[PDB]
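Read the single chain below, which is given as structure tokens and is the form deposited in one PDB entry.
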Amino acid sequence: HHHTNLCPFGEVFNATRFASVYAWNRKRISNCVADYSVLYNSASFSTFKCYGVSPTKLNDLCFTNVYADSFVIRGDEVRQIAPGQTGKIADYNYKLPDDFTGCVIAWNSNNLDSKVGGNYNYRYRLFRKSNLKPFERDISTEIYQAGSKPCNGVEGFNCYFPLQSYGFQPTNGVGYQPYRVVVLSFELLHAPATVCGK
């Protein structure tokens, strides 16, 4: 009631299109109130795993800041969006810290990102020299020279473009369908309490 604005969570969960995981979007949520019961009473989520906070208790807590990261990954890759997990996505695309406090929310989006029309080109990073630090973003598209000959900016024998499309256009299994993911990070620091429940 001190901050008289509604947290704009709509443009995160409800956007027409999400970002590719390698270029994951982050929106900073600050000085606003939110009725989180609309979130934890929704049945539209196939994944709602929280760490350090109780989901049904979000309205009882206030936070200094809230971060909302969103992206699209394969179904079988959603389990990598969790503290302590490893894999192609956790190592090279999006990585949560070991002391993560927040919630990982995911839902099947075959109806949105695999429509008969197309044009949504979701991609991921196949390889990186070192693993991503927690909450690090890498949007480099530099062709990697893995052999002896210089690449001169073109793909080749050992000249690998670092990104690859998911191939969501055809019909594939549930584990191979696109899933939209939102990661809410709740930060309780020494600053005044801004993002509260109601």
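Throughout, we count residues from 1 along the sequence that is shown.
**Student:** With reference to the PDB entry, specify whether the mean Cα temperature factor is higher for 146-154 or for 66-74.
**Tutor:** Stretch with the higher mean C-alpha B-factor: 146-154.
**Student:** Where do the C-alpha atoms have the higher mean temperature factor in this entry, in 113-121 or in 76-84?
**Tutor:** For C-alpha atoms only, the mean B-factor is higher in 113-121.
**Student:** Per the entry, which of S54, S165, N131, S140 tops the list for Cα B factor?
**Tutor:** Highest C-alpha B-factor among the listed residues goes to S54.
**Student:** Would you check the entry's CA temperature factor for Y176 and let me know if it's in the chain's lowest, middle or highest third?
**Tutor:** Middle third, going by the recorded CA B-factors of the chain.
**Student:** If you rank the chain by CA B-factor, which third does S46 end up in: lowest, middle or highest?
**Tutor:** For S46, whose C-alpha B-factor we compare with every modelled residue in the chain, the answer is the middle third.
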